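# Remarks on the overall topology
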Amino acid sequence: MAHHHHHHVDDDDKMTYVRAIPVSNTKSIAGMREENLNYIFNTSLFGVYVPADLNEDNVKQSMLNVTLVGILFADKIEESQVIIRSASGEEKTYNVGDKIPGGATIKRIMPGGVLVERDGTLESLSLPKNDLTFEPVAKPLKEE
């Protein structure tokens, strides 16, 4: 017998249309986040806070005082700039071949990823934009 076992129980309390919702706390104040919001870029003071939805734990992080916040694609590949935020908070666009402050040098600005020499260390990689040519712009790689 399942005539009693088969008994769905639903409790959508927010479906109420009467003022019976308990408002004891969060009455005069909705959270004391004075110092909390001050931790969130006090250099912006107000307005420019980071959303509580955008919580990057920094998967690869940003050492060398270099934060890749985007790329500025241009007509010429040598004219295409990289949008780098320095540790200081400065957001500037640099050209390929230029030495960025922090201990890194822009070796090649590729639209899918900028190759920078971090403290003398450089690494070559391929962009998942072409399967027939893993290496775009430079010497073509048909198979690697």
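Here is what the cut-offs are and how they apply
Residues numbered from 1 in each chain as written, not as in the entry; some residues may be left out. Heavy atoms only, no water. Salt bridge = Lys/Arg side-chain N within 4 Å of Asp/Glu carboxyl O. Helix = DSSP H or I, 4+ residues; strand = E, 2+ residues; numbered from the N terminus. Buried < 20%, exposed > 50% of the residue type's maximum accessible area, 1.4 Å probe, protein only. Pairing = 2+ DSSP bridges.

For this coordinate set, the PDB header names solution NMR as the determination method.

Attention shifts here to the pattern of salt bridges. The tally for this structure, following the rule as stated, stands at 2 salt bridges. When the shortest N-O distance is used, the salt bridge between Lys107 and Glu117 registers 2.9 Å. Pair noted here: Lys107 is in strand 5 (residues 104-110) and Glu117 is in strand 6 (residues 113-118), with a separation of 10 residues, a long-range link. Accessibility expressed as a relative area gives 22% for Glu117, which makes it partly exposed.

On to the pairing of strand 5, then. In terms of residue burial, strand 5 counts as a mostly covered element, since 5 of its 7 residues are buried. Two elements, strand 4 (residues 99-100) and strand 5, share 2 bridges in a ladder whose sense is antiparallel. Among the inter-strand pairings, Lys99 is bridged to a residue of strand 5, identified as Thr105. Hairpin remark: strand 4 followed by strand 5, antiparallel, with 3 residues in the connecting loop; positive phi at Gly102, about 145°. Across 6 bridges, strand 5 lies against strand 6 in antiparallel orientation. Its bridge partner lying in strand 6, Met110 is registered against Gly113.

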